[PDB]
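Take a look at the structure set out below.
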Ligand SMILES: Nc1ncnc2c1ncn2[C@@H]1O[C@@H]2COP(=O)(O)O[C@H]3[C@@H](O)[C@H](n4cnc5c(N)ncnc54)O[C@@H]3COP(=O)(O)O[C@H]2[C@H]1O
Ligand SMILES: Nc1ncnc2c1ncn2[C@@H]1O[C@@H]2COP(=O)(O)O[C@H]3[C@@H](O)[C@H](n4cnc5c(N)ncnc54)O[C@@H]3COP(=O)(O)O[C@H]2[C@H]1O
Ligand SMILES: Nc1ncnc2c1ncn2[C@@H]1O[C@@H]2COP(=O)(O)O[C@H]3[C@@H](O)[C@H](n4cnc5c(N)ncnc54)O[C@@H]3COP(=O)(O)O[C@H]2[C@H]1O
Ligand SMILES: [Ca+2]
Ligand SMILES: [Ca+2]
Ligand SMILES: [Ca+2]
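Chains as they are written, first to last, in the numbering used here: chain A, 137 to 228; chain B, 137 to 228; chain C, 137 to 228.
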């Protein structure tokens, strides 16, 4: 794919508050992470929030979790993050 | 992560009709499932539909499939569901 | 699930330019692929783009990558694609 032999990619799905999405996007950019943002809404409170999709090399997962924790995360705020396996990664 | 040693999380991606999204969200809440909703659109009919993202413990996958089937699912209606593996789950 | 014993599904997540989303949706339809579309936005340029979710049988992954490459993909344009494992696939 676009990944060198011997490494792996993960997919980060991070659900954060709308009021923090701006700060996270900027800090991901500063740190050379790529991201795609989704305007979403919560099942329980039924209010808008933001979901980021971040494809990242396995080697940098701790690093990106750290960024999410610093910029988002809690009485208020908070971030919910899933790390998911990726079979292949391509750019066309 | 946020998961006890010995268990695993799965990611449920459920594509349902807009007119059923309200009923599913309420029944997931009643049953202590967390969810994130995405306004989406179908590739074929090119009309709005709703996509839910639900992170759930492996032990409760049958339970949540049952909820989706009861609230959504078909001449009309219907639900399309993917169950996907999750490496880790965090809250910050 | 909805998958015959011995095969597997993959989840394709494809991020493409808005101006190409129409052409991809039509070519996926012609080729008997199902798809769900998400209006998204890029982390870096902060402009609208489109994310497709495509559940596909393992046997057809090369085929669908080929469609994405032909319709989207680059001085301009371009497509970013993740192939992800799927545990189960259901329709209700
Ligand atoms: N396992 C999971 N799978 C998929 N998406 C997830 C998820 N956990 C969280 N999300 C998303 O993160 C948002 C904030 O979750 P949080 O747990 O920090 O904060 C939650 C939580 O404190 C509480 N909450 C949610 N469901 C609850 C429940 N059944 N009982 C009591 N409190 C609940 O209300 C707040 C707002 O939740 P809301 O649904 O509106 O919005 C949630 C949801 O969109
Ligand atoms: N493998 C998959 N991967 C990713 N997303 C999936 C998917 N299967 C379904 N979805 C999503 O679920 C929606 C309803 O699918 P359903 O199969 O029940 O009902 C479908 C199906 O009955 C039919 N349909 C879709 N594609 C077809 C095709 N190539 N040939 C004949 N009928 C098709 O039109 C209805 C509307 O489909 P639409 O695309 O507008 O919207 C679809 C799509 O957004
Ligand atoms: N690993 C990944 N994980 C999750 N989503 C991904 C991703 N790679 C790309 N995407 C999505 O695809 C869109 C186009 O990416 P592309 O790499 O072809 O083209 C990129 C790339 O040429 C450049 N770019 C992005 N980040 C950069 C950075 N940190 N430094 C230099 N150039 C960057 O700006 C263009 C626009 O990127 P933008 O973020 O606005 O929008 C991106 C993003 O939404
Ligand atoms: Ca802010
Ligand atoms: Ca209804
Ligand atoms: Ca076009």
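Just so it is clear, CB atoms sit at the ideal spot from N, CA and C, and this is done for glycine as well.
Could you tell me the distance, in whole angstroms, from the CA atom of residue i to the CA atom of residue j?
i              : j              : result
residue 184(A) : residue 144(C) : 35 Å
residue 175(B) : residue 141(A) : 37 Å
residue 228(B) : residue 199(A) : 14 Å
residue 224(B) : residue 163(A) : 22 Å
residue 160(A) : residue 154(A) : 10 Å
residue 212(B) : residue 204(B) : 15 Å
residue 178(A) : residue 197(A) : 25 Å
residue 181(B) : residue 158(C) : 13 Å
residue 231(A) : residue 137(B) : Since the first and last residues shown for chain A are 137 and 228, residue 231(A) lies out of range.
residue 139(A) : residue 226(A) : 8 Å
residue 207(A) : residue 195(A) : 21 Å
residue 187(C) : residue 165(A) : 20 Å
Using a Cβ cut-off of 8 Å (strictly closer), state whether residue i contacts chain B.
i              : result
residue 165(C) : yes
residue 176(A) : yes
residue 187(A) : yes
residue 191(C) : yes
Strictly under 8 Å for the Cβ-Cβ distance: is residue i near chain C by that measure?
i              : result
residue 179(A) : no
residue 171(A) : yes
residue 155(A) : no
Of all Cβ atoms in chain A, is any one closer than 8 Å to the Cβ of residue i?
i              : result
residue 195(B) : no
residue 215(C) : yes
Does residue i have its Cβ less than 8 Å from a Cβ in chain D?
i              : result
residue 160(A) : Absent here is chain D; the protein component of the structure consists of chains A, B and C.
- Message: For the pair the stretch 145-158 of chain C and the stretch 206-220 of chain C, tell me if three or more CB-CB distances fall below 8 Å.
- Response: yes
- Query: In the stretch 139-170 of chain C, which residue ranges form an unbroken alpha helix (DSSP H) of at least 4 residues, counting only runs that do not cross its ends?
  - Reply: 154-166
- Query: So, do the stretch 157-174 of chain C and the stretch 191-207 of chain B have three or more beta carbon pairs nearer to each other than 8 Å?
  - Reply: no
- Task: With 9 Å as the limit, tell me which residues of the stretch 199-224 of chain B have their beta carbon closer than that to any beta carbon of chain A; keep them in chain order.
- Result: 220, 221, 222, 223 and 224
- In chain order, each beta strand (DSSP E) run of at least 3 residues that lies wholly inside the stretch 170-218 of chain C: 172-178 and 184-193
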